[PDB]
Amino acid sequence: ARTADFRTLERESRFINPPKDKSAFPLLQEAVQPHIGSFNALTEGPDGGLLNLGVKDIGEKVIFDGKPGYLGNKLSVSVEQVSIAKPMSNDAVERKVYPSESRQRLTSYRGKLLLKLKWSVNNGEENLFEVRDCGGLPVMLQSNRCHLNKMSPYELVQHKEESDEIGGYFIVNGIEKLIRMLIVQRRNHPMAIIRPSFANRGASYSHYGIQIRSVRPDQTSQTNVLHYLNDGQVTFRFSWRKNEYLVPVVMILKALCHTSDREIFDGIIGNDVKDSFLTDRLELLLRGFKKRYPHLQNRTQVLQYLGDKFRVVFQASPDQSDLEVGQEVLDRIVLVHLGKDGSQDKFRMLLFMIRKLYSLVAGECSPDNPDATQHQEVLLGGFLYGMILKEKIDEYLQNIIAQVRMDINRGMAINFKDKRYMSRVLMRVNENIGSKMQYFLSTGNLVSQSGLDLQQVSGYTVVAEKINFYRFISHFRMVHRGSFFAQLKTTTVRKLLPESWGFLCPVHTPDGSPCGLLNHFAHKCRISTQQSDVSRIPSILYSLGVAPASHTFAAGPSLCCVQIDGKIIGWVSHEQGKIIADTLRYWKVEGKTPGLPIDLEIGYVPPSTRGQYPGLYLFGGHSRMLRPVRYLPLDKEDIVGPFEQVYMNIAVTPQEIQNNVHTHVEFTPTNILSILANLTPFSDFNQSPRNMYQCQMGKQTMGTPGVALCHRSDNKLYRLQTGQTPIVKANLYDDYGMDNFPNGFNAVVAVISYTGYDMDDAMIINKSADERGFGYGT
Amino acid sequence: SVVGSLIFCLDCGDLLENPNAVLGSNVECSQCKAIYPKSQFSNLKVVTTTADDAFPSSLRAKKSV
Amino acid sequence: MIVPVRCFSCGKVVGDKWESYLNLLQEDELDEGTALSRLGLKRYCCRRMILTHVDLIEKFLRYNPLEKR
Amino acid sequence: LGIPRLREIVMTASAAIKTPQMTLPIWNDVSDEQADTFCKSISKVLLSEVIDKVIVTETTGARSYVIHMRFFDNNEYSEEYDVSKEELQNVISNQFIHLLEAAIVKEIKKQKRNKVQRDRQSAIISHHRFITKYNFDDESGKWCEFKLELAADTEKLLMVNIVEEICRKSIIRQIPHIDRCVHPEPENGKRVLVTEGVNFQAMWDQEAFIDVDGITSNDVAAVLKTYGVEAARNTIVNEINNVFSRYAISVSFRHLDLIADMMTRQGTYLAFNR
Amino acid sequence: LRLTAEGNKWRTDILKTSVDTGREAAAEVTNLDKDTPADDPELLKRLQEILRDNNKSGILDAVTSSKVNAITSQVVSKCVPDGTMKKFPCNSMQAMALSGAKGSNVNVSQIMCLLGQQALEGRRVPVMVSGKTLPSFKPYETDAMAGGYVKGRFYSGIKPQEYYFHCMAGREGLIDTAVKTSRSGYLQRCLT
Amino acid sequence: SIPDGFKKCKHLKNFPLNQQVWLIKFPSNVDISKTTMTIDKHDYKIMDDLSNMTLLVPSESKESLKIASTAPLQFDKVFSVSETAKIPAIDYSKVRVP
Amino acid sequence: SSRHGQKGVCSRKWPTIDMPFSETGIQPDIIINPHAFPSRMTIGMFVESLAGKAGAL
Amino acid sequence: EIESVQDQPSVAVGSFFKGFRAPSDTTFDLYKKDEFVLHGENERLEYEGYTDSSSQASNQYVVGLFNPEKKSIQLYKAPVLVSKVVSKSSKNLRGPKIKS
RNA sequence: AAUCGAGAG
DNA sequence: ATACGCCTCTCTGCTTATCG
DNA sequence: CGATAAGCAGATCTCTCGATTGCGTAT
Ligand SMILES: [Zn+2]
Ligand SMILES: [Zn+2]
């Protein structure tokens, strides 16, 4: 047997004739699967696509003319269907355009964006529909809206791209750009937080809190913060238009669903009636509300107060009743991951969050670390593209209403039923949504009325520079903590935590300023780009023994709280919850039960002494980080996430599997490293800073960018003339097809102190070898 | 109804008013518009104890280990 | 890209042996060491030059700006 | 240590030194047991460091509190802290209840937006605002229960968080600007005694245990206050030098002396900044 | 870089003595009776209290670090230079470590005998909220390898968990050097 | 108001009580027509679950519901039936390999 | 640089006659000082030279 | 052993709140569509109640009397209703549609 | 000229 | 096609206030 | 007058590259 093979004949045959079915390197495509899948999820998939859901939740914005209790004629402009075309050209009958032409022309590779407006009048009296082109929207290569989507390597070569061209990037002004993946708080999970900044937020502020980052079905997010004041009252927080507002928690608790106060007492305090801490804090809260707001005795009155309080900041229409605008803000701010028609579930989740806040302030649960990988997810970049597009079409829909308002206030008459008037106004506004998206790609700046729940503004897209193929493939696996942490002094954010085992590469990190903040995924790490079928999971859970969350009336860490994506499914004892988690894992790994997708991340937190807040947490959404691992019972592949991993024992190799201690084992230890960190020979014999230096330096080598260089017009390109394959190489050198892109040369190296001209770090090159073309490049 | 220092109506489940906070012999439910008497609510007692993480000291460390 | 004319270290002409190496690998069922020895490459400096050549010229040649594709 | 210390010394000249310290030489005729006794006598003890638990029994039968303060056993705290039943009872009678009532009345203001025992209880009631009972275990030093009656307009208070805050912030026996006095292992022969604070005049009295002529401190501003410019210059040199001693970096004393004489050129502690 | 057969024998014999050092350190920090089993409920409870409480965790880390450093010192003294097949002045690694041309006895020791305990700031490796220091190790494991004590050397290579801990320490060093060079210069500017 | 499709049951059935009141909860895979027992060759875990579950029993009218009081009338014991599975003990002689 | 973070600038193009030569007759095309290793501790480069020689043979 | 199991609606269980007591003058009226609605009233109260649609399709509840001497245990079926009790004087209070 | 991004010691 | 005005996570030291 | 609780200010090596830089409007 031979440990490795050069595969010379196979490689040369494949060079001669590119495959006509599929590329021979499947792993080289799963590397860019996050970016491609994120851009794909906004046009295809269930529910019509992310852009369609985004327009649906943008809804209608109305205005009144004022012409003669009767506010005038109502105009409600909106969009209900958005489509992107694969890029065409008129050079009549159009012809397909491929990115080679965009590269050669030094221009962008963009497809036309079409929105069909709804010019509704008088709530359905008559509707004027007209599709409007809104500029050429840039699209990423190898996506379902790109013309290379299904081509074989043979067809890719015929269309001048590459033998194994990968997408995941855009082309703007003849320059390739990539939306970096950012790592943000885990969605739809309330995590206890201790922050001295919360105390700084004013006076009577503790440092405790409960922060949940709810995500809408169209992948937009809303952060709700549940502060605790030292007196005893709990404060709700949210941000709407780059400003921040505060609300008593009891206001929202009563506004959500028609409920009593004994129900709030039972929801926050379960069977723990004898718990003086909880009872006294809750009495303080209830009496503080009944003192401050004695004229809000029912849900309708509370909603009307909220509506009166929120008029000019929410751009509520003159027709909107106070009750309905209060319902609008309640459905548009509070726990948006449950969406509308989920007031009861939002009520349960707020009660759970309040009890968790009281546990955090009583020191019965430890604070959840927000910078630990256990409590994080990835913002894919295609999702950010969809969110920015939704914000831009919202701005457009508001700008056309601004135009008609300016017409109204300039003294000109109108007719909302007139297609001529609709045409006249639609040509006085800005419809280069595509040009604004191109601006975002070409600068990185995020021009926004809402910060999209994100912290930074600039620094969102980097050029996918192609010095070298390691550099190029590294662009598509780098994840950033955010530019806020770039200028800081808390070194603890850069620490290599054990919570990233198998998700973040321990080695691949740039040295210097971006050390610790710029990370790379382990090469077998996968970021999900779709929601797993979870409709049947609550049904299976009730059969397993989960008592339903509607008629059980339990609360506290004394019981396990079963949740699914932030929705309290039911309550169960801790032992039975452990059994439920084990049985769910078994049924999920064995592919018999149709209601348990293998991507399901059953993150179970056992009871402990002042540890993390317990309960059984189930996740199946987008943006999760998942890695394969061998489930030991029935010996099949399993999928785990960072949240689930910090509690499960996973033997690194099968030799040290212990009795009744391990339920998992890695497929191989080498799948906790990046591609670059796997390509280092005998990495486990060097000092780790030298492995980090190698990851940094292998992206800077004058290797081979690609083979279609006669069809590119890049600003600067470095090409090694004659590369060679390594004699000593990892088994994954072939799996990613790195032989297609040679990076160096096998050299005869004498470790000798002979010359005198190489002492500190210099090295000597043979003159004759140099004259024979050793290490030549252009 | 009565839980420590808290009393809830048995009809609408609304928190009442504390007895010694309003006009005499009549504590009124703000939802049910019912009338409750100051009787049978003799002592709303709550017994609390300190956190046991509240007083870090040299002697407290020696208490356990 | 294309086979080097000479070995880098010693200078032995190894540019006329790449096609023969492929022939001996394909037609004959020879392992790489046997094929390199039968080509006359004894020093490992000369053996590496052929054993590790990639031959990217073939992949470069598929992008021909002078013939219709 | 290190560069933060250099910032404190030469960059900031902070009179508010982060860790003030005094090195107290001991006379050669003072044994280790007396050294520890002096350390515990000097070191401060807060009320929180002697209390095991506190029980607050609110009753609405007008609203009253029964605050019971459970102490560590006498054979424990009178040994570890040099604190007696009498000293504890005096502290609770004088400072604790006054601070507690001050906190309570401030809280309400924010909300509006054996005949010896009998006579002691009567005196405590008369002097204090709204206390109605008081009994201290004068035979075991084990507990202290005192009632506290508020009005009927008063809203509910936790009465445990304020009690904890008062119990922490109330001292028992503290010398100003001094927290702890630890007796480390003697090094290079001489036996030292380092406190976690600077109060030169407090140990000026303790001629018996402390060689006052050799009390060398860490805070440059304090020694400038009490001893003068030149002692400040000496301690500047010493503090700017012993930072380099742990890092084993040899810097000549001419540089440090020139920097010290530039920093004390006006007779004060001038920093190197604007 | 190699040792003798007798040198390797001494190295492995002294390293076998490092099996119970972590368990003894835990039993003595937790004040439990020595020779108590590693799966004792009281030991696990006290280790959990120590995990929650930062100062107690630091005490445990420092005590166990001292014990494993003693084991490392024993290994190095027993195996260098008396356990090395090629000896000074022929042994060039040892030669230039002794001579001051480059390197030190610590580097030679890590290449030939033992990398030893990996120290993060001034403590052992970070622990999760479940008491696990890595997915492989069971919660509250009183094993020196679990705490970052790597018995491997750069000649025979280090295991995956040891590789992970060593990467932690190396990243910490690379961060600390940047912080230090950033902070050095303002002092000199203001003084000058 | 009455939501569409809802039709009020008018004639109810008797309840022979003057005996212990029990509550038992079954899953959706248990045929109710027919502490770890076997039902239809299946494995079911059974355990037990300031009250909220009141008892509504028809009065002597067979047309409405009332709250018994012999202050509600609470069930003497609440049971639960749970679906389970057998977790296979790992055979170490295979996976444990040098 | 090697694949072990052993970066260094080329200090001279040493003529081949002045290069050291082996009993086999070959003259190395790269010379790296032995002092780059004791502090960097890149034993992977040593074992890679070993394995590369064995593989090319 | 199990002798008779009832399917026709006989009894039901509700979740009003902790320690709920109701006067003897009040009654309840059921509705079946399986989704259920319950309704009751008195002078200043309303016993409205619905059920969780997503849960009733999975969990089923059984009631029954037991015989200490015999074996013919009794069995029954009873759905669960999650009820929200409402007042009457605090139901229909509103304000202006928009405050100027 | 700024701003952003990538680097080197 | 085009020419005027519009677009959220550190630190010491100086200085004023303000209330019994 | 004065002693904090509070508010406000100005700080926190050298070198090489590339890419973009502003939108609405009234006539
Ligand atoms: Zn009532
Ligand atoms: Zn040769």
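Residues numbered from 1 in each chain as written, not as in the entry; some residues may be left out. Chains lettered and ligands numbered in written order. Part of a larger assembly, values for the part shown. Heavy atoms only, no water.

Draft legend 1. Layout of the overall build of chain F. Across its full length, chain F holds one helix and five strands. Element order for chain F, N to C, with α for helix and β for strand: β-β-β-β-β-α. Taking 98 residues into account, the globule formula puts the C-alpha radius of gyration at 13 Å, and chain F, at 22 Å, lies well above it. Projected onto its principal axes, the C-alpha coordinates of chain F cover approximately 75 × 35 × 30 Å. Across the 98 residues of chain F, 36% fall into the buried class. Accessible area of chain F: about 6800 Å², with a carbon and sulfur share of 53%. Charge-centre separation for chain F: the mean point of 14 positive side chains lies 2 Å from the mean point of 11 negative side chains. (Helix = DSSP H or I, 4+ residues; strand = E, 2+ residues; numbered from the N terminus. Rg over C-alpha atoms; globule rule 2.2 N^0.38 Å. Buried < 20%, exposed > 50% of the residue type's maximum accessible area, 1.4 Å probe, protein only. Areas by Shrake-Rupley, 256 points an atom, 1.4 Å probe, with all protein chains shown as cover. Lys, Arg positive; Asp, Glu negative; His and termini not counted. Charge placed at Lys NZ, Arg CZ, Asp CG, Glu CD.)

Draft legend 2. Geometry of the coordination of the zinc ion (ligand 1). Residue and element names in this part refer to chain B. Coordination of the zinc ion (ligand 1) by the protein comes from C9 (SG), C12 (SG) and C29 (SG), over a distance range of 2.3 Å. Sequence positions of the residues that donate to the zinc ion (ligand 1) give the spacing C-x2-C-x16-C. Pair noted here: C12 is in the loop between strand 2 (6-7) and strand 3 (27-28) and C29 is in the loop between strand 3 and strand 4 (35-36), with a separation of 17 residues, a long-range link. We classify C29 as buried; its relative accessible area is 1%. (Donors = N, O, S within 2.8 Å, 3.2 Å for Na, K, Ca; no water.)

Draft legend 3. A look at the interface of chain D and chain A. Chain D puts four residues into the contact, and the matching count from chain A is six residues. Counting the surface lost from both chain D and chain A, the interface buries some 540 Å², and carbon and sulfur atoms represent 54% of this. At the junction of chain D with chain A, the criterion picks out zero salt bridges. Counting across the chain D and chain A interface gives one residue pair in polar contact. Residues of the side of chain D that touches chain A, tallied by class, amount to one nonpolar, one polar and two charged. (Contact = heavy atoms within 4.5 Å. Buried area = accessible area lost by both parts, 1.4 Å probe. Salt bridge = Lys/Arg side-chain N within 4 Å of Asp/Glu carboxyl O. Polar contact = N/O pair within 3.5 Å; in protein donor to acceptor, adjacent residues only side chain to side chain. Nonpolar A, V, L, I, M, F, W, Y, C, P; charged D, E, K, R; others polar.)

Draft legend 4. Here's a closer look at the packing of aromatic side chains. All names here are of chain A. Using the criterion set out here, one finds 44 aromatic pairs over all chains in the structure. Consider the rings of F682 and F685, whose centres lie 6.2 Å apart with planes at 75 degrees: the pair is edge-to-face. These aromatic residues form a ring-pair network of at least three members: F236, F238, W240, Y245, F310 and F314. Over the ring of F129 we find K116, and its NZ or CZ is 5.5 Å from the ring centre. One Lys or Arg, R195, reaches over the ring of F198 and ends 5.9 Å from the middle of that ring. (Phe/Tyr/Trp six-rings, centres within 6.5 Å; stacked < 30°, edge-to-face > 60°. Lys NZ or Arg CZ within 6 Å of the ring centre and 35° of its normal.)

Draft legend 5. Up close: the interface of chain A and chain G. Tallying the contact residues gives 38 residues for chain A and 42 residues for chain G. Summing both sides of the interface, chain A and chain G together bury roughly 3900 Å²; the carbon and sulfur share of this comes to 61%. Taken together, chain A and chain G are joined by two salt bridges. A:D770 is paired through a salt bridge with G:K13; the nearest N and O atoms lie 3.9 Å apart. Our count for the chain A to chain G interface comes out at 21 residue pairs in polar contact. Taken together, the residues of the side of chain A that touches chain G sort by class into 24 nonpolar, eight polar and six charged. Where strand 30 (residues 749-751) of chain A and strand 2 (residues 30-32) of chain G come together, three bridges link them in parallel fashion. Residue pairing for strand 2 of chain G: A:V749 is matched across the bridge by G:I30. (Pairing = 2+ DSSP bridges.)

Draft legend 6. Inspection of the environment of D:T235 at higher detail. Residues and elements named next belong to chain D. One can find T235 in helix 9 (residues 229-246). As for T235 and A208, which are separated by 27 residues in sequence, their C-alpha atoms are 25 Å apart. Apart from residues lying up to four places away in sequence, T235 is in contact with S217, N218, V220 and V223.

Draft legend 7. Region of interest: the coordination of the zinc ion (ligand 2). All names here are of chain C. In this structure, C7 (SG), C10 (SG), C45 (SG) and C46 (SG) serve as the protein donors to the zinc ion (ligand 2), at separations of 2.3 Å. Between the four donor atoms coordinating the zinc ion (ligand 2), the angles at the centre fall across 92 to 115 degrees, so the site counts as tetrahedral. Each donor residue of the zinc ion (ligand 2) belongs to the same chain, and together they define the spacing C-x2-C-x34-C-C. On the criterion of sequence distance, the pair formed by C7 in the segment before helix 1 (18-26) and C46 in helix 3 (residues 44-51) is long-range, its members being 39 residues apart. Each member of the pair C7 and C46 is classed as buried. (Tetrahedral: all angles 85-135°; square planar, octahedral: opposite > 155°, others 65-115°.)

Draft legend 8. Just the packing of helix 3 (residues 41-52) of chain E against helix 4 (residues 54-79) of chain E, in detail. Residue and element names in this part refer to chain E. Two elements in contact, helix 3 and helix 4, have axes separated by 5 Å at closest approach and are oriented at 110 degrees. On the basis of the axis angle, helix 3 is roughly perpendicular to helix 4. Contacts from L47, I50 and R52 in helix 3 reach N54, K56, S57 and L60 in helix 4. Classifying every residue of the contact of helix 3 with helix 4 gives three nonpolar, two polar and two charged. (Axes fitted to C-alpha atoms, helices over the stretch in contact; angles between N-to-C directions. Parallel < 35°, antiparallel > 145°, perpendicular 65-115°, else oblique.)

Draft legend 9. Main features of the side chain of A:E162. You can see A:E162 is positioned in the loop between helix 6 (153-158) and strand 8 (170-172). For A:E162, the residues in contact, after removing those within four places along its chain, are A:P153, A:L156, A:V157, A:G706, A:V707, A:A708, A:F741 and C:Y63.

Draft legend 10. Highlighting helix 22 (residues 688-697) of chain A. Counting buried residues in helix 22 of chain A gives eight out of 10 residues, a clear majority hidden from the surface. Listed in full, the buried residues belonging to helix 22 of chain A are A:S688, A:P689, A:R690, A:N691, A:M692, A:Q694, A:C695 and A:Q696. For helix 22 of chain A, the elements touching its buried residues are helix 21 (675-678) of chain A, helix 7 (160-191) of chain E together with helix 1 (37-40) of chain G.

Draft legend 11. View of the sheet that holds strand 9 (residues 175-179) of chain A. Residues and elements named next belong to chain A. One open sheet accounts for three strands, arranged 8-9-17; its pairing is antiparallel. This sheet does not close on itself; its edge strands, each paired only once, are strand 8 and strand 17 (461-463). Here the average twist between neighbouring strands, direction ignored, is 40 degrees. By the bridge criterion, three bridges tie strand 9 to strand 17 in an arrangement that is antiparallel. Residue pairing in the sheet places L178 in a bridge with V462 of strand 17. Sitting on the sheet, helix 16 (residues 433-443) is in contact with strand 8, strand 9 and strand 17, with an inclination near 90 degrees to strand 9.

Draft legend 12. How the structure looks around the environment of A:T3. Residues and elements named next belong to chain A. Along the chain, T3 falls in the segment before helix 1 (8-16). Residue classification places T3 among the exposed positions, given a relative accessible area of 79%. Separated by 34 residues in sequence, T3 and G37 have C-alpha atoms that sit 35 Å apart.

Draft legend 13. Local environment of the packing of helix 18 (residues 537-544) of chain A against helix 19 (residues 574-589) of chain A. Residue and element names in this part refer to chain A. Closest axis-to-axis distance for the helix 18/helix 19 pair is 11 Å, and the angle between their directions is 130 degrees. With respect to their mutual orientation, helix 18 and helix 19 come out oblique. Handedness of the helix 18/helix 19 crossing: right-handed. Facing helix 18, whose interface residues are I540, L541 and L544, helix 19 presents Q576, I580, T583, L584 and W587. Here the residues of the contact of helix 18 with helix 19 are counted per class, giving six nonpolar, two polar and no charged. (Left-handed = near helix turned anticlockwise from the far one by under 90°.)

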